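Here is entry.pdb, consisting of PDB, C-alpha atoms and all ligand atoms:
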```pdb
MODEL        1
ATOM      1  CA  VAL A   1     114.547  25.764   3.509
ATOM      2  CA  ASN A   2     111.098  24.989   2.067
ATOM      3  CA  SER A   3     107.682  26.662   1.927
ATOM      4  CA  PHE A   4     105.771  24.569   4.496
ATOM      5  CA  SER A   5     104.429  26.792   7.293
ATOM      6  CA  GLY A   6     103.034  26.221  10.764
ATOM      7  CA  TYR A   7     104.049  22.583  11.261
ATOM      8  CA  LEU A   8     104.897  21.049  14.602
ATOM      9  CA  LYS A   9     108.229  19.237  14.356
ATOM     10  CA  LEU A  10     107.904  15.650  15.587
ATOM     11  CA  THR A  11     111.343  14.351  14.578
ATOM     12  CA  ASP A  12     114.354  15.270  12.497
ATOM     13  CA  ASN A  13     112.316  14.724   9.311
ATOM     14  CA  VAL A  14     108.571  14.541  10.176
ATOM     15  CA  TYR A  15     106.304  17.571  10.626
ATOM     16  CA  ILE A  16     102.555  17.602  11.410
ATOM     17  CA  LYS A  17      99.793  20.205  10.990
ATOM     18  CA  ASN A  18      96.011  20.427  11.314
ATOM     19  CA  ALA A  19      95.199  21.278   7.711
ATOM     20  CA  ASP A  20      93.089  20.253   4.748
ATOM     21  CA  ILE A  21      95.613  18.580   2.426
ATOM     22  CA  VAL A  22      93.722  20.012  -0.571
ATOM     23  CA  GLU A  23      94.059  23.594   0.672
ATOM     24  CA  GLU A  24      97.628  22.960   1.801
ATOM     25  CA  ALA A  25      98.523  21.608  -1.651
ATOM     26  CA  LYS A  26      96.898  24.565  -3.420
ATOM     27  CA  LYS A  27      98.926  26.963  -1.249
ATOM     28  CA  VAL A  28     102.358  25.303  -1.258
ATOM     29  CA  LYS A  29     102.268  23.559  -4.658
ATOM     30  CA  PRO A  30     104.715  20.942  -3.338
ATOM     31  CA  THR A  31     106.843  18.771  -5.564
ATOM     32  CA  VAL A  32     104.957  15.694  -4.300
ATOM     33  CA  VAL A  33     101.516  15.350  -2.749
ATOM     34  CA  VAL A  34     100.624  11.849  -1.542
ATOM     35  CA  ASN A  35      97.192  10.401  -2.265
ATOM     36  CA  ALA A  36      95.536   7.780  -0.052
ATOM     37  CA  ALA A  37      94.826   5.623  -3.099
ATOM     38  CA  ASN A  38      93.257   2.227  -3.606
ATOM     39  CA  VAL A  39      94.567  -0.419  -6.006
ATOM     40  CA  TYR A  40      92.070   0.622  -8.710
ATOM     41  CA  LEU A  41      92.853   4.339  -8.387
ATOM     42  CA  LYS A  42      89.118   4.920  -7.911
ATOM     43  CA  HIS A  43      89.140   8.254  -6.089
ATOM     44  CA  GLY A  44      85.603   8.173  -4.763
ATOM     45  CA  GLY A  45      85.884   9.350  -1.184
ATOM     46  CA  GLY A  46      88.219  10.097   1.674
ATOM     47  CA  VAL A  47      91.445  11.941   0.885
ATOM     48  CA  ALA A  48      91.408  10.622  -2.694
ATOM     49  CA  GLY A  49      87.888  11.866  -3.344
ATOM     50  CA  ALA A  50      88.827  15.318  -2.061
ATOM     51  CA  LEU A  51      92.062  15.549  -4.073
ATOM     52  CA  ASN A  52      90.343  14.350  -7.226
ATOM     53  CA  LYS A  53      87.460  16.811  -6.781
ATOM     54  CA  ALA A  54      89.988  19.641  -6.491
ATOM     55  CA  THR A  55      91.435  18.613  -9.895
ATOM     56  CA  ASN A  56      87.982  18.813 -11.528
ATOM     57  CA  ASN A  57      88.172  14.993 -12.077
ATOM     58  CA  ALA A  58      91.381  15.253 -14.140
ATOM     59  CA  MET A  59      93.118  13.000 -11.603
ATOM     60  CA  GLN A  60      90.480  10.313 -12.188
ATOM     61  CA  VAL A  61      90.744  10.579 -15.997
ATOM     62  CA  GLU A  62      94.532  10.188 -15.838
ATOM     63  CA  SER A  63      94.180   7.340 -13.336
ATOM     64  CA  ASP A  64      91.727   5.399 -15.511
ATOM     65  CA  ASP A  65      94.196   5.543 -18.410
ATOM     66  CA  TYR A  66      96.980   4.354 -16.070
ATOM     67  CA  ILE A  67      94.928   1.344 -14.910
ATOM     68  CA  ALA A  68      93.815   0.483 -18.448
ATOM     69  CA  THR A  69      97.492   0.259 -19.428
ATOM     70  CA  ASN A  70      99.113  -1.210 -16.306
ATOM     71  CA  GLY A  71      96.425  -2.943 -14.253
ATOM     72  CA  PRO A  72      95.876  -2.428 -10.539
ATOM     73  CA  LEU A  73      98.507  -1.482  -8.013
ATOM     74  CA  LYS A  74      99.517  -3.769  -5.151
ATOM     75  CA  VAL A  75      98.450  -3.064  -1.581
ATOM     76  CA  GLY A  76     101.601  -1.465  -0.187
ATOM     77  CA  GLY A  77     102.567  -0.155  -3.633
ATOM     78  CA  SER A  78     102.477   3.174  -5.407
ATOM     79  CA  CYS A  79     102.714   5.002  -8.689
ATOM     80  CA  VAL A  80     103.761   8.534  -9.646
ATOM     81  CA  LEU A  81     101.255  10.498 -11.720
ATOM     82  CA  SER A  82     100.621  14.181 -12.376
ATOM     83  CA  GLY A  83      99.886  16.522  -9.501
ATOM     84  CA  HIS A  84      97.547  18.551 -11.755
ATOM     85  CA  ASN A  85      96.778  21.951 -10.151
ATOM     86  CA  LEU A  86      97.826  20.744  -6.684
ATOM     87  CA  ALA A  87     101.502  19.743  -6.989
ATOM     88  CA  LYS A  88     104.098  18.799  -9.563
ATOM     89  CA  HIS A  89     103.505  15.081  -8.933
ATOM     90  CA  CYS A  90     101.017  12.950  -7.054
ATOM     91  CA  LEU A  91     102.389   9.812  -5.413
ATOM     92  CA  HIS A  92      99.391   7.461  -5.211
ATOM     93  CA  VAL A  93     100.144   5.128  -2.280
ATOM     94  CA  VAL A  94      97.953   2.165  -1.304
ATOM     95  CA  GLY A  95      97.842   1.564   2.418
ATOM     96  CA  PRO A  96      95.929  -1.500   3.597
ATOM     97  CA  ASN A  97      92.194  -0.968   4.108
ATOM     98  CA  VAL A  98      91.141  -2.508   7.426
ATOM     99  CA  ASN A  99      87.503  -2.334   6.339
ATOM    100  CA  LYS A 100      88.597  -4.798   3.606
ATOM    101  CA  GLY A 101      90.543  -7.145   5.908
ATOM    102  CA  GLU A 102      93.991  -6.255   4.547
ATOM    103  CA  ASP A 103      97.151  -7.006   6.515
ATOM    104  CA  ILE A 104      98.107  -3.975   8.602
ATOM    105  CA  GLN A 105     101.731  -5.119   8.323
ATOM    106  CA  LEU A 106     101.566  -3.816   4.756
ATOM    107  CA  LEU A 107     101.440  -0.297   6.220
ATOM    108  CA  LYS A 108     105.229  -0.221   6.599
ATOM    109  CA  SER A 109     105.644  -1.245   2.946
ATOM    110  CA  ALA A 110     103.267   1.552   1.937
ATOM    111  CA  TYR A 111     105.296   4.160   3.838
ATOM    112  CA  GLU A 112     108.535   2.884   2.261
ATOM    113  CA  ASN A 113     107.359   4.429  -1.013
ATOM    114  CA  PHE A 114     107.858   7.867   0.584
ATOM    115  CA  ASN A 115     111.622   7.251   0.766
ATOM    116  CA  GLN A 116     111.896   7.632  -3.014
ATOM    117  CA  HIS A 117     111.089  11.362  -2.665
ATOM    118  CA  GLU A 118     113.130  13.947  -0.791
ATOM    119  CA  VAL A 119     110.116  15.995   0.416
ATOM    120  CA  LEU A 120     106.401  15.141   0.511
ATOM    121  CA  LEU A 121     103.058  16.487   1.688
ATOM    122  CA  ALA A 122     101.035  13.520   2.888
ATOM    123  CA  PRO A 123      98.103  12.162   4.894
ATOM    124  CA  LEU A 124      98.431   9.399   7.447
ATOM    125  CA  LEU A 125      98.191   6.195   5.433
ATOM    126  CA  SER A 126      95.402   3.731   6.244
ATOM    127  CA  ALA A 127      93.672   6.362   8.447
ATOM    128  CA  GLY A 128      90.161   7.730   8.023
ATOM    129  CA  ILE A 129      87.935   5.484   5.934
ATOM    130  CA  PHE A 130      90.788   2.975   5.557
ATOM    131  CA  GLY A 131      90.030   2.024   9.172
ATOM    132  CA  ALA A 132      93.470   1.822  10.806
ATOM    133  CA  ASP A 133      94.353   3.496  14.103
ATOM    134  CA  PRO A 134      95.902   6.873  13.139
ATOM    135  CA  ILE A 135      98.179   6.776  16.204
ATOM    136  CA  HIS A 136      99.695   3.519  14.928
ATOM    137  CA  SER A 137      99.986   4.935  11.413
ATOM    138  CA  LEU A 138     101.942   7.902  12.770
ATOM    139  CA  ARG A 139     104.301   5.543  14.621
ATOM    140  CA  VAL A 140     104.955   3.512  11.464
ATOM    141  CA  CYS A 141     105.498   6.728   9.504
ATOM    142  CA  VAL A 142     108.112   8.027  11.953
ATOM    143  CA  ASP A 143     109.850   4.643  12.132
ATOM    144  CA  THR A 144     109.873   4.069   8.341
ATOM    145  CA  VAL A 145     110.137   7.335   6.415
ATOM    146  CA  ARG A 146     113.609   8.878   6.322
ATOM    147  CA  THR A 147     112.868  11.680   3.850
ATOM    148  CA  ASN A 148     111.141  14.922   4.848
ATOM    149  CA  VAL A 149     107.405  14.399   5.327
ATOM    150  CA  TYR A 150     104.818  17.087   6.105
ATOM    151  CA  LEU A 151     101.706  15.362   7.448
ATOM    152  CA  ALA A 152      98.307  17.046   7.164
ATOM    153  CA  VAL A 153      95.643  15.847   9.612
ATOM    154  CA  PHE A 154      92.207  17.182   8.603
ATOM    155  CA  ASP A 155      90.462  16.472  11.926
ATOM    156  CA  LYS A 156      91.445  19.024  14.561
ATOM    157  CA  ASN A 157      90.390  16.686  17.360
ATOM    158  CA  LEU A 158      92.496  13.876  15.895
ATOM    159  CA  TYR A 159      95.451  16.218  15.420
ATOM    160  CA  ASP A 160      95.482  17.196  19.102
ATOM    161  CA  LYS A 161      95.314  13.536  20.131
ATOM    162  CA  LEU A 162      98.153  12.604  17.758
ATOM    163  CA  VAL A 163     100.396  15.321  19.194
ATOM    164  CA  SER A 164      99.503  14.750  22.840
ATOM    165  CA  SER A 165     100.073  10.990  22.600
ATOM    166  CA  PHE A 166     103.220  11.051  20.440
ATOM    167  CA  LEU A 167     106.191   9.276  21.987
TER
HETATM  168  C1  LIG B 201      93.062   6.519   3.817
HETATM  169  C2  LIG B 201      92.880   7.890   4.428
HETATM  170  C3  LIG B 201      91.701   8.620   4.188
HETATM  171  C4  LIG B 201      91.528   9.893   4.766
HETATM  172  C5  LIG B 201      92.533  10.457   5.586
HETATM  173  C6  LIG B 201      92.332  11.845   6.204
HETATM  174  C7  LIG B 201      91.993  11.799   7.718
HETATM  175  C8  LIG B 201      92.364  13.045   8.532
HETATM  176  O1  LIG B 201      93.544  13.460   8.494
HETATM  177  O2  LIG B 201      91.447  13.546   9.211
HETATM  178  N1  LIG B 201      91.275  12.534   5.469
HETATM  179  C9  LIG B 201      91.428  13.597   4.659
HETATM  180  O3  LIG B 201      92.514  14.145   4.452
HETATM  181  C10 LIG B 201      90.163  14.071   3.996
HETATM  182  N2  LIG B 201      89.093  13.244   3.981
HETATM  183  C11 LIG B 201      87.959  13.638   3.389
HETATM  184  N3  LIG B 201      87.685  14.794   2.780
HETATM  185  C12 LIG B 201      88.767  15.621   2.800
HETATM  186  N4  LIG B 201      88.857  16.888   2.267
HETATM  187  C13 LIG B 201      90.117  17.413   2.476
HETATM  188  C14 LIG B 201      90.879  16.496   3.159
HETATM  189  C15 LIG B 201      90.042  15.344   3.374
HETATM  190  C16 LIG B 201      93.714   9.722   5.819
HETATM  191  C17 LIG B 201      93.882   8.444   5.248
ENDMDL
END
```

Kindly transcribe the structure held in the file into structure tokens.
Ligand SMILES: Cc1ccc([C@H](CC(=O)O)NC(=O)c2ncnc3[nH]ccc23)cc1
Amino acid sequence: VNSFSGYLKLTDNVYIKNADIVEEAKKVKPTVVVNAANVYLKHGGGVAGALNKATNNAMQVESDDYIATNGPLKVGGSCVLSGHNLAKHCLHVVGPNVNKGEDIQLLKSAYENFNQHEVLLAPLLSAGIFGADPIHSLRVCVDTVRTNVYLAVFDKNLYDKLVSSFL
């Protein structure tokens, strides 16, 4: 039993809700919140911009130190950093950005990072400003993640379409 509330159950392990991931994180304080990161951990917009704003830019300060030490992530890769006031940990995961021409096949690799964590709050990777089809992203999520994932879809209209079209 966990603290996530109001999710529709899509599969044995995947749940979905129309919710702002920032507000959901502040309420649940999950062990792991997933960020829709880029390789530079520059959290300027999209999900990352919103999460970072909610940390009063502390996420960005920590991220800049991480990059200065380790260099950029790989597309499809991840790193674990602090969750600040939102969660115990933030798993920064880099899905491919279609508006940068990156191979959508790397989306499965990106979701594989979720399997290292027993429970996660997460957005659909490569969705929104990353330009991928969110319906496809949901399919890859369900077919790749085996741990318990609670997906927050900010757009109510997109949420209804994701549910109604789910196979
Ligand atoms: C790569 C990538 C980018 C964004 C997203 C989802 C799309 C969605 O689920 O609608 N965006 C958000 O979560 C979002 N975007 C902007 N400001 C926000 N403030 C609180 C939440 C929030 C998914 C995947």

Output check: residues returned by the PyMOL selection byres (((not hetatm)) within 8 of (chain B and resi 201)), as an MDAnalysis selection string: chainID A and resid 18:23 36:37 45:51 95 97 123:131 152:156 158:159

Draw an axis-aligned box tight on the listed atoms of stretch 44-59 of chain A, then pad every side by 5 Å and write out centre and edge lengths in Å to one decimal as AutoDock Vina command-line options.
```
--center_x 89.4 --center_y 13.9 --center_z -6.2 --size_x 17.5 --size_y 21.5 --size_z 25.8
```

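Taking atom CA of residue A:69 and atom CA of residue A:44 as endpoints, the distance between them is 20.5 Å.
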
Selected residue of minimal separation from residue A:4 among A:121, A:91, A:141, A:39, counting all atoms listed in the file: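 Of the candidates, the smallest distance to residue A:4 is held by A:121.
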
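For the file at hand, the PyMOL selection byres (((chain A and resi 102-116) around 6) and not hetatm) resolves to residues 76, 77, 95, 96, 97, 98, 100, 101, 117, 145 and 147 of chain A.
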
Residue IDs satisfying the PyMOL selection byres (((chain A and resi 83) around 12) and not hetatm), as an MDAnalysis selection string: chainID A and resid 22 25:26 29:35 51:52 54:55 58:60 62:63 79:82 84:92 121

Counting all atoms listed in the file, the option among A:120, A:73, A:14, A:167 closest to residue A:135: A:167

Nearest residue to residue A:72 from the set A:11, A:3, A:38, A:164 (distances using only C-alpha atoms):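 Closest to residue A:72 of all the choices is A:38.
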
One-decimal distance in Å that lies between atom CA of residue A:66 and atom CA of residue A:150: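 That distance, rounded to one decimal, is 26.7 Å.
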
Proximity to residue A:162 - best of A:133, A:64, A:143, A:118, all atoms listed in the file: A:133

Between atom CA of residue A:94 and atom CA of residue A:78 - distance in Å to one decimal: 6.2 Å

Of the listed residues A:93, A:157, A:151, A:144, that which approaches residue A:8 most closely, counting all atoms listed in the file: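 Checking each candidate against residue A:8, we get A:151 as the closest.
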
From A:132, A:163, A:61, A:119, residue lying nearest residue A:148 [all atoms listed in the file]: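 Among A:132, A:163, A:61, A:119, it is A:119 that comes nearest to residue A:148.
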